[PDB]
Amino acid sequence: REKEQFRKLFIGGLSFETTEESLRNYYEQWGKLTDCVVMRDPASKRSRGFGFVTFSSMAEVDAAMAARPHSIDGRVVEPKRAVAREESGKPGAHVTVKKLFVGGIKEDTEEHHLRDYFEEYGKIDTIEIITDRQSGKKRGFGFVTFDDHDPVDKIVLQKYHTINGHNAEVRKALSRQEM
């Protein structure tokens, strides 16, 4: 079994009335939780408006995310795969995006190669293989845009992927302003 970090969801935008009890009761519909916490101001004990749930298996996490949208105590919340504390301070660590950078694919990787690899993770809206506008050559990287952020979030938990005969690398796609 994977360690808890890979079975854990960040639950954003909680109603300030939601409690560990009501958060647990909601996410238990997809399986047993090994942890559940609503984060609170230590001084006032007021809710900070988010928390975490940790399922007993990866399959349970996926089932919960497959059943979005989630409404708890009368507010629609935003569950996300938990980004590890060690990523704090990295550009884009907590940005939610639908686009993935793929590097290391050299000059023989075409759009369909990326599609064949990534389509099992989720619905793909577009793929871009970057080329040099003057030489025409492939530049050895591309982007995959999904219809939802969750495939990106899951994919980037594994940095290195074997694609089209290459040791490729994935990164969450960041705009110029974010990089």
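By rigid core we mean the largest C-alpha set that fits within 1.5 Å across both forms. Each residue number is its position in the shown sequence, starting from 1.
Per-stretch RMS Cα distance to the displayed form in 6 other deposited structures of this protein, following rigid core alignment, is highest for 88-96 when 88-96 and 71-79 are compared. Superposing the other copies on the rigid core and comparing 30-38 to 111-119, farther C-alpha placement in 6 other deposited structures of this protein marks 111-119. For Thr131, the record comparison shows coordinates present in all the other entries of this protein that model its neighbours, with no third of them leaving it out. Per the PDB record, of the two stretches 24-32 and 114-122, 24-32 carries the greater mean B-factor over its C-alpha atoms. Legend: mean Cα B-factor per stretch from the PDB entry, 161-169 versus 14-22; the higher mean is in 14-22.
Highest CA B-factor among the listed residues (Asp62, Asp150, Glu128, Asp132): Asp62. Within the listed group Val95, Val102, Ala84, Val76, the record reports its top CA B-factor for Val76. Ranked by Cα temperature factor within the chain, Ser88 sits in the middle third according to the deposited record. Ranked within its chain, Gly142 lands in the lowest third, by CA B factor from the PDB record.
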